[PDB]
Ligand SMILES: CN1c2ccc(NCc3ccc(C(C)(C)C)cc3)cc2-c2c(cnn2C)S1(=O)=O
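First, one chain by itself: the form deposited without this ligand, in structure tokens.
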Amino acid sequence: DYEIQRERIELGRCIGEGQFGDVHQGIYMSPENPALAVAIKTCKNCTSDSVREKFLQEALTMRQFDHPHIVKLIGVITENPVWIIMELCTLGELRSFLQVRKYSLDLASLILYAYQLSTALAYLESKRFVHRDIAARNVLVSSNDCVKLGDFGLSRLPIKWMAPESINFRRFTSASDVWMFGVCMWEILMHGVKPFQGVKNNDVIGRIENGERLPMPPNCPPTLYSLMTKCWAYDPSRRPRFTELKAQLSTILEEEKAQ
């Protein structure tokens, strides 16, 4: 059972918003342990049974996964006010983490973050789960040596990250997740810059259709840029699988550490 007693949670400052309400940082005091920092998703309209069901299904969605690079569910409080208690990735959003540390993070750390996310995505592809919202804004930082995919509810169009078949035909597969992951890798190697800054979504659709791609980030190893371009194959069958990305990223990471 994962019902948590409300008196064991202390609500802290707001760290984001969700479809159902504000998200807070806080503290959980379990019966046997010292303080555990947690994130608390709140729900304004969970007095309505359909809202409570949809909100608590976000906790059930995370509960089905168990991976070191995907945020974990700690517990839930199912009576009003309804809360979902998640693991807190203390260092916060990946984009601002990379922006602040642009001149202090080694290139090996950036490649490590891409590798870690590829392991989580290979795990999700083994469970036949299609994410649809892979982007640096949906990655959190647990430590300088650990990133995680964020909560799937809070991660929920992102045209600038989407494969052409998803934009145009609403087809969402592991191959369309691979295209998004290529964009996320580009964001990481760009220190948290977003794809296609300033460009209108409709223009991006035509540009990608005609072969334009995001350029090689400064200092990105050419082998890693080559791998990103394979993620952006127009034909989804030509994109690598997540297990292939995981193996290739491990090779690129080792090579960078050896330099």
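Sequential numbering from 1, following the sequence displayed. Each form is matched to the other, and the largest set of C-alpha atoms that superpose within 1.5 Å is called the rigid core.
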Q: Please report whether at least a third of the other compared entries leave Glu32 without coordinates.
A: yes
**Q.** Coordinates absent for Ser155 in a third or more of other entries
**A.** yes
Q | Chain break class at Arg156/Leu157 - deposited residues not modelled | A | 10 or more
Q: Report the stretch with the higher mean CA temperature factor, choosing between 91 to 99 and 72 to 80 on the basis of the entry.
A: 72 to 80
Q: Read off the CA B-factors in the entry, average them over 103 to 111 and over 182 to 190, and name the higher stretch.
A: 103 to 111
Q: Please pick out which of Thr42, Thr229, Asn33, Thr61 has the largest Cα B-factor as recorded in the entry.
A: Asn33
Q: Sort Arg132, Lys160, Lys148, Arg170 by C-alpha B-factor from the entry and give me just the highest.
A: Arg170
Q: Pull the Cα B-factor of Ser174 out of the PDB entry and bin it into the chain's lowest, middle or highest third.
A: middle
Q: Just say lowest, middle or highest third for the CA B-factor of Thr119 relative to the other modelled residues in its chain.
A: lowest
Q. Is the Cα B-factor recorded for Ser126 in the lowest, middle or highest third of its chain?
A. highest
Q.
Per the entry's values, where does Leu56 land by CA temperature factor relative to the rest of its chain, in the lowest, middle or highest third?
A. lowest
Q) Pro195: which third of its chain by C-alpha temperature factor? A) lowest
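Just so it is clear, the following notes concern the form solved in complex with this ligand, a form of the same protein that is not shown.
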Q. Site superposed, this ligand placed from its pose in the bound PDB entry: open or blocked, blocked meaning at least 3 ligand atoms within 2.4 Å of a backbone or C-beta atom?
A. blocked
Q) Is the gap between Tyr115 and this ligand in the bound PDB entry 4.5 Å or less for some heavy atom pair? A) no
Q) Are any of the heavy atoms in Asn138 no more than 4.5 Å from a heavy atom of this ligand in the bound PDB entry? A) yes
Q. Should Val147 be counted as a contact of this ligand in the bound PDB entry, where contact means heavy atoms within 4.5 Å?
A. no
Q: Would you check, heavy atoms only and a 4.5 Å threshold, whether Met180 touches this ligand in the bound PDB entry?
A: yes
Q) Which residue among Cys220, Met62, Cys46, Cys231 has a heavy atom within 4.5 angstroms of this ligand in the bound PDB entry? A) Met62
Q) If contact means any heavy atom within 4.5 Å, which of 210 to 218, 196 to 204, 223 to 231, 65 to 73 contacts this ligand in the bound PDB entry? A) 65 to 73
(Q) Once the rigid core is superposed, exactly one of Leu110, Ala135, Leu149, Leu94 has its CA displaced by 2 Å or more between the shown form and the other one; which residue is that? (A) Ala135
(Q) So the CA-CA distance for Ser176 and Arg137 moves by at least 3 angstroms in the bound PDB entry. Closer or farther than here? (A) closer
Q: Looking in the bound PDB entry, decide if the C-alpha atoms of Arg137 and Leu91 are closer or farther than in the form shown; they differ by 3 Å or more.
A: farther
